[PDB]
Amino acid sequence: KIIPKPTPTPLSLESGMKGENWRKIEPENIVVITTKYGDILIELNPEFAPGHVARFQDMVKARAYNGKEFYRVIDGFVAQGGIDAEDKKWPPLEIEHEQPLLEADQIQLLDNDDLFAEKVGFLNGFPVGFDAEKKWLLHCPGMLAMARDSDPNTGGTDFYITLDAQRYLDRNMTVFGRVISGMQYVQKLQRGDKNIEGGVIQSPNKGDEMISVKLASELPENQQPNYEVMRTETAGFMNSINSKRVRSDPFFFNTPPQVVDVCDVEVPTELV
Amino acid sequence: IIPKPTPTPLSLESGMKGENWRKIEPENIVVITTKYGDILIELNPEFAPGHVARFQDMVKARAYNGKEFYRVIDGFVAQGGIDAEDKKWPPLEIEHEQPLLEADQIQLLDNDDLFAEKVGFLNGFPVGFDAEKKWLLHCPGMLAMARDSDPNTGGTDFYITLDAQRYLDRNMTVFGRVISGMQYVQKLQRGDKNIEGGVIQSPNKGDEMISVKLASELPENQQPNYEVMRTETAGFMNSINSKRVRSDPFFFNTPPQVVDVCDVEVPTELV
Ligand SMILES: [Mg+2]
């Protein structure tokens, strides 16, 4: 029995210690992956993939990922990890590769070209593509998505983090999170070889361990890492875009083009 | 200021792989030994002969041995070098671009690019060009020379791109590409971009370049022999079209027939 996708919920816009131009990340949507290198922190996105977020939370709370491995890692591509097995406790999910575009959705359009989509921009701090009917998350670097088999509804336990942009995967995979801290540790993960079992790390060697995985909500509040994200629908966010397009430093005797790759735009995200 | 010399064409000596491949000359292979493993880089005197010669001189003088990747910003660049003033190594004239030659056999990428009107490949390197000039692209895993605001101030300290930094194109001397050990570059100790521009702070130190050598400094049978596919040949198109045309039923939404010039992998093999 494949688990059907539930209805999406827009991300909370609760004001934080910062101005009304920022939103609090809810603690249940913060995942802390502890590796020997340090902690990888991820913001989950139930606005695009509520079914996968719920599943991920369940597995994390159930300690299902503790001691598991990033068993498949290809440099410059993705770092993939999970239970590396089928478990009757965790049946497959319906794919959540895109969502209906809603009238309430406040997308900040990026007013320069993109190679893969006619329209790209930002929605609640996440990079997105959209058309008249649909919206989807972009496979920018540091995005969390669910691995699957050829049939779309086969994902549900094993995930990957993008090491570089993989835009060709857009609208074919369930993206349900983004890295907000510790991306450097993802980059330290033991690599496999793409020409050997598709990057699966081979015996006698094993991928680096997920020593523990928790939700911030599992910690007592006074130990919870408090994160806030700039609201990308505000005028203040444009600077984060115009700083990369308009480069006036005398360093440049050849003025750079007024263009920025949507996946290079950094959304202000701060620990509070 | 050391003036820039005339560019020199890359060797097209055929290898074990055949006439559609070229051997990389050992003098144009740099081996950076880290605690993680070896980073190998192919130098490009076709674009930056002056910087290549300088870099070769410093490597042979063992000037980089025991030095650090002292400035590293995740997703940006890993910068290393002597991190000091040295009278032995005066600044070089910038080599940020070269005249486009009719003899240049550029393989044009026939899809859009965000930063340049024409992009493609020249002797296994990503390039941009117009009517008059050609330049190397700041794709990931490219080696370039750090400098100050004045163009002719580079010459000792270099950086390796961790991700594409195309906005730097035509403003910096790019003079090499990583051909092996990119994963080790990604393991390098990081600094913090909001603290001294990513310079790693005491008591911590950047990871050490334990040794830096040219392959040519080794005896022939210990030299790593690398060959690169000639990008002007028809065989190279697959490396492009494999990523543009994805017909696998895995994709129920067929990807657009487009590839970022910096995502194209030029066949490069150890033999
Ligand atoms: Mg990139």
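Both ligands and their constituent atoms are indexed starting at 1 by order of listing. Sequence lines set the chain letters: A, B, ... in the order given, protein chains first and strands last, and positions in each chain run from 1.
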| Can you find a pair of side-chain heavy atoms, one from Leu138(A) and one from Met143(A), that are under 4.5 Å apart? | no
| said: Would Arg171(A) and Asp131(A) count as a salt bridge (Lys or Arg N to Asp or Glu O under 4.0 Å) here? Give the steps. | reply: CA-CA 12 Å; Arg171(A) 305 190 76 172; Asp131(A) 55 26; 3.7 Å; yes
| Electrostatic pair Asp110(B):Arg244(B) at N-O distance under 4.0 angstrom | yes
| query | Can you tell me if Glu43(A) uses its side chain to pair, donor with acceptor, with the backbone of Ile25(A) under 3.5 Å? | reply | no
| field | Around the Mg ion (ligand 1), number of protein N/O/S atoms which are nearer than 2.8 Å | value | 2
| query | Taking all non-hydrogen atoms of both residues, which atom of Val229(A) and which atom of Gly125(A) are closest, and how far apart? | reply | CG1-CA, 4.2 Å
| task | Keeping the roles fixed (side chain from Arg71(B), backbone from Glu196(B)), state whether a donor-acceptor pair exists under 3.5 Å. | result | no
